[PDB]
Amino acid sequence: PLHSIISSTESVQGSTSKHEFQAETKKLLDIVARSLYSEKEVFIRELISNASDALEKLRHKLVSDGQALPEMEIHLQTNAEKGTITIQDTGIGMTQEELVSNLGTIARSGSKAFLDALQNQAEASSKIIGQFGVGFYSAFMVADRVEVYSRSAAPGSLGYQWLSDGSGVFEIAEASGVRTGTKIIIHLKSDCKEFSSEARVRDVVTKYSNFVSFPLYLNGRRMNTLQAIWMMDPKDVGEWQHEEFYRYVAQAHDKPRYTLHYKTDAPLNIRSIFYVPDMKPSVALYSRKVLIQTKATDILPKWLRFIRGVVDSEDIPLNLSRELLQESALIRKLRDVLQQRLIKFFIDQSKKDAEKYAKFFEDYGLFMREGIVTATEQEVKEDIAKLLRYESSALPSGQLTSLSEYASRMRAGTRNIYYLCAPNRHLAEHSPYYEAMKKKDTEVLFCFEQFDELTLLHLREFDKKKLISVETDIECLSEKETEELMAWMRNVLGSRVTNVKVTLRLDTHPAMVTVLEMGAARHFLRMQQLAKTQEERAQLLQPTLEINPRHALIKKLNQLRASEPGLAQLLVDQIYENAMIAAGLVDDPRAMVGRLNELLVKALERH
């Protein structure tokens, strides 16, 4: 029964006091430097972001005041002997009260205040990175003492000094000889001395700060060399630049078969490039030219993970650890827009180049099939379904058709789409479920790839037309002499073959095999790898055999049945084997090799 203690017999009989929220700083520093960032290496990323923000501030101030632009670069210095990493820029710089307000206060960012006083949102609002005010304190998880030397770019400002150890106290002083900008000296912790190595610093800078708007120098060498091609015009960027850019973001060496430069910003300011790898079997997320996460499996659907590239947006919501605010109230709109655009782009690619898209299909067909089954909204499934290509009975072999054009030639009277799932076209065209509708002039799609039977049930509908599985619907030998041959073949092949029938549509093949139970035909293929014992093969599927008397081999078996019964008994098994191979029910015909080899030696005994 009901059991609750919630009640409203409670009132207020006190005096309304006025307390302002407090915040102890020791635990805040401990949280920032111990339990805020997943990886220890992001401190140089945050420092480079601060340097880039300072350089952007100086550039904006200079262009607003209308004078020359001096050298503005970020210099990373690493001294292995001293165990220190030094970052220095030529940004705006910071004064006494500026240092006290920005560096000495948690969550207080001067970048946000500068952005609020910009009132244009077009000059540098999309380039200022800092928004939280805790980025600098990420340097304390690697350093036992941080030395910051800054001097404002104002005409007359004096240099200052900033010492701290992360214990809630910082000793700011006065320094002379400070060059314009900010010079941050970091003395690494005993357990964090590995950041005093040039290799690690270069690796982290390439991982995070490879696309900084300003020159980045590590030990005196410029090492950015990547001008963020996702930010320029799609027509201005050449195709050759896309080749190495894909090799960088995807960490591959091949070429991209497709390249989509998406820049339309209806929901969010998106500057993204999407690549499709050539290697038949994961998009980098960026915010203001700073990497957020490499995998970024949240912005794109799981079935779209096969594409590579970059997605850059300056309006995405970021976590305090500068990572993606996954499953935010706003990110889901971006996922649908990206998903619809790629589907629209793929559809356009199919029309522009059918053969290229057809080749592209089997490389990543399992991804589209995965999308339909894992999709929740039915309308979403219809979008991916437009990307599917299938072979049709009314169209010759080797060419594929999509669902949309299949319904284009669909009869007006009928309302449902018929699809048949078979290992290959040859066996599909002979199944009795297929010619059941061949009496009428209907058209059926032939399904070949695996998991394709799985997705059609989940799709269950296309363009208001239901998908109906066909399975669930339900010169020549004399006639007299051919029949007596049929009875003999039903004795020697009694177990394997249910019945043998005459075929009038053969030119050079002595015999094929036909199945009644395509549901169990795939069972035969899956058991080829394991437990393909010949004796048990007959009971599993019970294959049916069809032959033509016009063939020479069939015409030869007439005399072989009596003159050489031993050779005939081995040849009829061999003819059955080739029928199995031609229809594709057997992947590797290793079993027939042993019997074929001994068949040939007595096939030439009189030569």
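Residue indices: 1-based, along the sequence shown.
J.: Are coordinates for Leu530 absent in a third or more of the other compared PDB entries?
T.: Per the records, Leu530 goes unmodelled in at least a third of the other entries.
J.: Compared with other deposited entries of this protein, is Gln539 missing coordinates in at least a third of those that cover its neighbours?
T.: Comparison shows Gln539 dropped in at least a third of the other entries.
J.: What number of residues from the deposited sequence go unmodelled in the gap from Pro281 to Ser282, classed as none, 1 to 3, 4 to 9, or 10 or more?
T.: Per the record, 10 or more deposited residues are absent between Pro281 and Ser282.
J.: Unmodelled stretch from the deposited sequence between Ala117 and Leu118, which bin: none, 1 to 3, 4 to 9, 10 or more?
T.: Gap between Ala117 and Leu118: none, chain continuous.
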